[PDB]
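In the structure tokens that follow, the same protein chain appears in two forms, which are kept apart as structure 1 and structure 2.
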Structure 1
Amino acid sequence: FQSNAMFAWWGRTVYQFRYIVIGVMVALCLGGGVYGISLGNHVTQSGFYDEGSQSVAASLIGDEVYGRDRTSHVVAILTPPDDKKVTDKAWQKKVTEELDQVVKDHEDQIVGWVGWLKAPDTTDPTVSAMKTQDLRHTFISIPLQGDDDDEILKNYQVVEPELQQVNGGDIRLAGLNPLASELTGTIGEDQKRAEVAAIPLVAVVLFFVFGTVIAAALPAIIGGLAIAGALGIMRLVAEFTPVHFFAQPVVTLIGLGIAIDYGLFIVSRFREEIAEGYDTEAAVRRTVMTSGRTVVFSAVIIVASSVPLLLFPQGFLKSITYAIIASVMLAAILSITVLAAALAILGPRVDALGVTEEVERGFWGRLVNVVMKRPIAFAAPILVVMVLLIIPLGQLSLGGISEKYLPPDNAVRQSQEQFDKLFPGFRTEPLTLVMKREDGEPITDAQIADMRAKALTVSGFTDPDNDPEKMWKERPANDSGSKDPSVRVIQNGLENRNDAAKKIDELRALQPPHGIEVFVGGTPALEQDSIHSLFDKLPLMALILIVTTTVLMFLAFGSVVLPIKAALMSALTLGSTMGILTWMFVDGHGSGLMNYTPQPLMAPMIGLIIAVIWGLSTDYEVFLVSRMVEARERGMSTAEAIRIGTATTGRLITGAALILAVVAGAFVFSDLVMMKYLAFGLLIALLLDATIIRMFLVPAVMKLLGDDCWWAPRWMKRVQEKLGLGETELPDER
């Protein structure tokens, strides 16, 4: 119930044996880090679709019975070097034999190149389109070998360098696997750059906060240990479910913000409570009780605000949820245990060994004083600004992944766009119409015919032959499928890629000719199904978030109208950050400065942004109001309580904001637009929340609601808040 005896026992226990704990924890965390140093080679770059949807099963049926298509795994554009034509029998033979021998070398992971160069004297109609009219450019296609996406990607990774050098390295590779490889390489480069350009800045700001080196060095060590432990735990959980590759940067971000932050707070409180001549044991006990309590409560708040992501079916969000939970929980545990143990074994030597306040507190006090003299004069402008900064939410369109997630001067994107400009029409996204047999094991003919007749009523579908006789054409059947007489797929493509959903639902509503059943599982179908599922299950997640955070905040300090204020402030900062992000990434303003390209936002990212911004925003309020009510408890009036709370929380919240902002800024400079999106989200939320919200709105709304801030009704207040955790004002003894 009370849990305070538990924290006191934990304190005296940690000091009772403060070598076993540090030993076992450092050993376990280093072992986990060494074991997780191979988290790669096990992260699947897959999962963006509702795995229970209809279109996913459609595509599965299709590529199982017909065999997955490999004509677009890798394409290669070739040009004759000596400014000649493409026929050029000599150069033709040279390139041909080179490709033949390089296929002979790695024959296991290359099914075999095909293209116009193979028998160039052919008269085939479509094969005669792999050459440019001026006979200057040609291209080929190389189908890789594999049974799943990761196998094919690894095969491409191992065959890349041997293929990049052909007829003088003028070959230009494009397709799908180059894009995937470039994205993963971008994630790796992000890790490297963020580490190397965020360790020194964090070290500098830390040393500037404290004034010594050892105290400024402990949080860096615990942050490294937290990163190692989180990587270990993720590698361990990988064997039970696929872990999306987007969980390596999240861990490095949340293990340099949160862990460093917690360590800073704990060491600060210890250095403060040791200034009273206390013995190291009592100092450790007091720090453990108070600061460990607030840190554990912050960790529980973050976990219970990042759990609701488990409602969505996208396999991309569950990995992020597991990463956040694991890293936050391990950071809290490492913080309390190892910090207490290291402080115990160190004691008073945490001030020397590194040699060679009034103005700040006075500033914050003068600030809160001059802003409390009139509430409305500081509550009207900020509120109208943050309610008129939410209007960009009207232009909110979403989409999928393309090659426009890279800087427009990248190598691979330019090659892909060049290939799409030279050779048009060879990049299509059809809408399959797979039909499965209910009755009639062989799907007799003219059934496909009446189904085509049925489907030809929908408009908006392309027709290159300009004739309905060649519309909704069957797809090619590779020699890797079963080719059953029961399933036979037809397909065709549309013209306006944006209005897909309308035609998709119309097709879904069409009545099949007989007991056989229809499906529409194309790629725009996949994307539209993902969008529809996310927007269908978002409101329940929002309500669960609100209820969880409000209820969990009530139990920390009995008051009904404080959770309301916290929820309002969180909703306003969330809406404001969302509006700024939309105006920045969809309206396009500020693009040429940050080197990206305007485009619709990512599909399963509006969930992550919400479930993170709400978390941190309700985390700061939980801390501030906690200090405030601790001050209020004994005999101090409202305004004095607000003043002392803000004065105390000032420097620590500033240091926290600086650490988190420095790490987020070190991540801003990424290439993959999703990283930039998340980083700008975090930075905007952090600054706009902390500075403006806190020190120009919280005192104002508190005073306007003055002295009616604990109205909480007697019955529930007593029976629940008292029978449990409690108020436990810390008693000071001799």
Structure 2
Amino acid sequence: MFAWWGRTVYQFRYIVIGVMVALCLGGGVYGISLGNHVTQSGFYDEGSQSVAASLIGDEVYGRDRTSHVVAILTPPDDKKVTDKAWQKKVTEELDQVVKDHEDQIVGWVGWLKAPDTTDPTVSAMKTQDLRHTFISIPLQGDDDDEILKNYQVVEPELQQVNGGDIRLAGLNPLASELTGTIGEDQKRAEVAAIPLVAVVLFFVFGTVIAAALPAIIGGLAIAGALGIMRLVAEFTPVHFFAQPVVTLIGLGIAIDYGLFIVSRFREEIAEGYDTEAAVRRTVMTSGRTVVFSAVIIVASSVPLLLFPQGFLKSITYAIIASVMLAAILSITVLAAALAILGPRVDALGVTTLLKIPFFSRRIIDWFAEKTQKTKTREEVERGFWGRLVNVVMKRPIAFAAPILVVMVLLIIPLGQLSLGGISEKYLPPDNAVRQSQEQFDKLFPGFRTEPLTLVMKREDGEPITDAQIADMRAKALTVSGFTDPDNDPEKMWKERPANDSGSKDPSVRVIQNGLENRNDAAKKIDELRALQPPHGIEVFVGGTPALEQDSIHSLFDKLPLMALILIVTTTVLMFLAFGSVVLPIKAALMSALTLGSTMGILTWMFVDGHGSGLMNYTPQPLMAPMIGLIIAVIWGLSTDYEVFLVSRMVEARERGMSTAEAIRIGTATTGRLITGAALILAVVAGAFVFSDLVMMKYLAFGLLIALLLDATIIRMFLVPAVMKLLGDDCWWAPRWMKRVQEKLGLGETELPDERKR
């Protein structure tokens, strides 16, 4: 299967480069505008009762646009908001903002529009000290994306009102910054991470062409991934987190996959193999490993398609596209470019600085060339990678328990993990928009309300009568734990306000009430849905707490099945990649341990708050949908690095080496290579840890911790110790499973020919 591809990619090499570079470039050009077709929603269980309630209330009572953007106005100098000179001017400027942008702004409403009024609620829109007033500017639009775009249109002009003495909070001021952090993260990843990646590539290869080829492959992979997701956005909505995940996860993986291909090609050239044989032996082993790693990533990502959150579906699509494209690219285009070049992949290297005499740097050139030279196989067995491997294998209990126990102690802090929703606390505490929102919540309390909503349908389209709502309210009073602002039971569970954008049909009635304590939300929601609906009436329990809690419940209910699918698919793929039954369980146990330790440290840093003052974020409950996301990502990459480490050991064992010899050779041959791959992906991740958005920081830190554990506490001295302890059982698998593997054309994990060279 892979030998045939190794033959044909070298033979048909000038008809691969063109087609599969032109396609990726065209995809990149088509998808540069991916950010113009992203959807901000997707965090909710769209099949749940809360989403149904939200839809029914919105289409019967109208979309509530009163909370879209609020603006706090402060008069200049000392004078109070009652200043008629100030009021006139701010009124006329608001009128200009509305008029000149009528396609984006329904209007503005507030105490400043009717300064001499009598409504207690309207008169509560100004502070007691007569220093601050606020207004609400509804925005024209049918969905959140259109409203956000309109807000972004009006932002520059809405910010010059009152000379600048205006602070914007609300849904869309928050959303604009929650979406601009994505662009800022991408900007840093493009301006800072790329040179560091290109430096690590040069230090792992020592040649500009050899180092550059994986970089070109990774760039092509991300361009094609953006193209594929832009195409996908024409059929189903895609979250705005697709394009960072492609850069954060897809790019590093794509670089690593091509790094392994180029390194193995140069390894076969150094042996003595001509370009054709070097390409074929590179495919049969390195390309097989890369394809297996990509399929493992895909199989560990597809469980996320089982969760209702469209955010997770979009991220899974992005990951699958990027990783499969990287796998295809590294073995088609990179393999045909290496076939075309051959010896020229080591042509323009450190020896170029030497020729130009511009004797310190003169000798430095030679030293840096000797460091990254064409090494030999016998010397890397007696290098650092191999001395460390042997000393660990000598005393393999003393390197396992002192690691196992501390990695369980790292899982210990996972018991305080709490789940939560998105808010302005997802931005750094010194952000202007967060500060404006907190200023609004401090000056004008009781206006930011998240009530639980009882949405009632009548089964026959007849109007709901007053007796039905009276019984529903009477029952809802039999649930303790809901806000009673005026100490009057008859004033609780008031009907939702009706806009002019609602059906107003008398068969649907929505009543709302806040709950005193947020932490009882679920208990109240599980108790509002326990009330007997009155005869005929269908009752739904929605609201922002309901949407959030249903989102958490949907992920808790479908998480064990995610774990089962993860374990079974990845262990079966490991068996087909290794030919052993013992190795897949050994690697799955370590992947589980690495995942547990990473999650424990993440709960330590982001929920418990240790490190929150240094990295400038706020300790808070984690975003519910992203728990499964980061579980899948960490599991996939941990399995990838296990495969990178263990494929060489399996190949050495199939050659005829003993267990210890196979462990030594496998770690030594891939030592600096896995080190460079981890360094590159860590550069990409660390470019994302300075994100303003807390969930991005959490995911990138999880990536970094998983990398460090897998490459420095798992690669060097846990896998060798456990394999030495297992012994000859490491390479065992029943004949009925070897028959299955060999029947598929993937049984070949041994490089048998040993010819020519």
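Residues are numbered by position in structure 1's sequence, first residue being 1. For clarity, a rigid core is taken as the largest C-alpha set superposing within 1.5 Å between two forms.
A.B. asks: Taking only shifts of 2 Å or more in Cα after a rigid core superposition between structures 1 and 2, tell me which of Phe557, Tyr156, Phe316, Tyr405 qualifies.
C.D. replies: The one that moves 2 Å or more is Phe557.
A.B. asks: After core superposition, I'd like to know whether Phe623 moves between structures 1 and 2 (criterion: C-alpha shift of 2 angstroms or more).
C.D. replies: Comparing forms between structures 1 and 2, the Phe623 CA shifts at least 2 Å.
A.B. asks: Does the C-alpha of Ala247 move 2 Å or more between structures 1 and 2 once the rigid core is lined up?
C.D. replies: Comparing forms between structures 1 and 2, the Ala247 CA shifts below 2 Å.
A.B. asks: Can we say the CA of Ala331 moves by at least 2 Å between structures 1 and 2 when the core is superposed?
C.D. replies: No, shifts by less than 2 Å.
A.B. asks: Upon rigid core superposition, what is the positional shift of the Cα of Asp82 between structures 1 and 2, expressed in Å to one decimal?
C.D. replies: For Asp82, the C-alpha ends up 2.3 Å from its position in the other form.
A.B. asks: After superposing on the rigid core, how many Å does the CA of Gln720 move between structures 1 and 2?
C.D. replies: Here the C-alpha difference is 5.0 Å.
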